[PDB]
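What follows is a single chain, given as structure tokens, in the form deposited without the ligand.
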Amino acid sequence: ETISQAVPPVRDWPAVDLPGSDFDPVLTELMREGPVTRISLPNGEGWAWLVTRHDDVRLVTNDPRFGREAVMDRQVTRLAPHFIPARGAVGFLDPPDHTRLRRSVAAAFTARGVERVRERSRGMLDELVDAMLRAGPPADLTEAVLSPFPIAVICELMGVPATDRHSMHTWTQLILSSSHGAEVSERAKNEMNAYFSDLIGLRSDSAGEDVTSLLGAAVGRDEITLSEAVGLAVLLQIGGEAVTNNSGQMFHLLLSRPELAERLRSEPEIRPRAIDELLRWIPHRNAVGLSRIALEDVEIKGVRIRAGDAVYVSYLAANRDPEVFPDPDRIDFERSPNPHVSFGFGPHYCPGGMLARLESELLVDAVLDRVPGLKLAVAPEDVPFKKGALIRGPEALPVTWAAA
């Protein structure tokens, strides 16, 4: 048999700030280089395997042979200089303990669970849009609505007092502050942990329907520990703001493509399906996030991943799999059943998925039918996008409307 090379060379993935919603050039190359590539990220040390195919991504994220707990030991090559989740956060937990934790709050995040805050959220959103409308056209949609709304929704769901929403925002953005935007990210985390530790123990150690109350109850019943409860609460709190960045890309996109905006304006009933297609297409993050370690040797597409090897999956690349989504780069609100993985896959799939779709749907209705002829106040490429960040998205979204 002819001797051939199955292991591709390590490709350095330097931190680059991509304009708007353009797809990452490097990722594109990795995708065509092969199903299983190897990469080197800005921080950490060494390399890690990278799986970009929709089928292999589902495998690596839904297989017990790959774990999260083992990532804490060494320091896998990564984007952020620090690790976002705490030692016992669900992010770093594996099935046994992980299943126990996710179970404690799953009821609050199902389609039926979030639909309960539907009307209430709609009200909070109308207040924010009403204030933007009252202040006069010239406005930053992100500062006026995209940031405030998601913050208020997750704080109300978590049971965080309105007076502390400002603190939640500051810490979250420092922890996700490109992580390399500084190093107070670690301090930010500590302060967030301390905050939820108090909240979960403070009063919430009784009745309530909010998540910290539910967690307080579970800790009280010895079902989960306080550290587990806190790590999960913090990840949920930071995750809540992901809608700010994502919807920001949604509106920049919509306002950049009149045909897409016109279709949603005239057909409010197709909005749910459209948003889901937008969720598939939108490049939610820079590079990759949290790897998994091979707990034993595993062969993927003719490549042997050795036990101890770190492996990343790219949900963004999986969402562009030509075999799963024909004409991947094309935005088709009709697109067949499109099983996108923007909300992840496997046990760690995003508990906030349904809430994010609910928030995006409420936002689309309000922004399109509540604001008369809203449009970018500047040329599409002039819209600033977060420089140095984990979750891509507008730095600010300058808009104006027919009113004034």
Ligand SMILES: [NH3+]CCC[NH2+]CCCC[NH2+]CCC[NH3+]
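For the two forms, the rigid core is made up of the largest set of C-alpha atoms that agree within 1.5 Å on superposition. Numbering starts at 1 and runs along the sequence shown.
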item: Residue 73: gap in at least one third of other compared structures; value: no
item: Missing-residue flag, residue 175, threshold a third of other entries; value: yes
item: Of 212-220 and 81-89, the one with larger mean CA B-factor; value: 81-89
item: Higher-B stretch (mean Cα B-factor, as the entry records it), 333-341 or 363-371; value: 333-341
item: Largest Cα B-factor, entry values, listed residues 272, 137, 113, 239; value: 137
item: Most elevated Cα B-factor in the entry, residues 321, 267, 97, 164; value: 267
item: Modelled-residue ranking by C-alpha temperature factor, third containing residue 379; value: highest
item: Modelled-residue ranking by C-alpha temperature factor, third containing residue 228; value: lowest
item: Third assignment of residue 203 from its chain's C-alpha B-factors; value: highest
item: Chain-wide C-alpha B factor ranking for residue 263, given as lowest, middle or highest third; value: highest
item: Chain-relative CA temperature factor third for residue 146; value: lowest
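There is another form of the same protein, the form solved in complex with the ligand; it is not shown, and what comes next is about it.
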item: Open or blocked: site for the ligand, pose in the entry with it bound superimposed, 2.4 Å backbone/C-beta cut-off, 3-atom minimum; value: open
item: The unique member of 376, 358, 366, 30 whose heavy atoms fall within 4.5 Å of the ligand in the entry with it bound; value: 376
item: Location of the ligand contact in the entry with it bound, chosen stretch of 367-375, 46-54, 31-39, 331-339 [non-hydrogen atom, 4.5 Å]; value: 367-375
item: Of the candidates 131, 202, 124, 106, the only Cα that travels 2 Å or more between the shown form and the other one, given a rigid-core fit; value: 202
item: Residue 283 C-alpha shift between the shown form and the other one of 2 Å or more, rigid core reference; value: no
item: Threshold 2 Å Cα movement between the shown form and the other one for residue 159, core superposed; value: yes
item: Threshold 2 Å Cα movement between the shown form and the other one at residue 148, rigid core reference; value: no
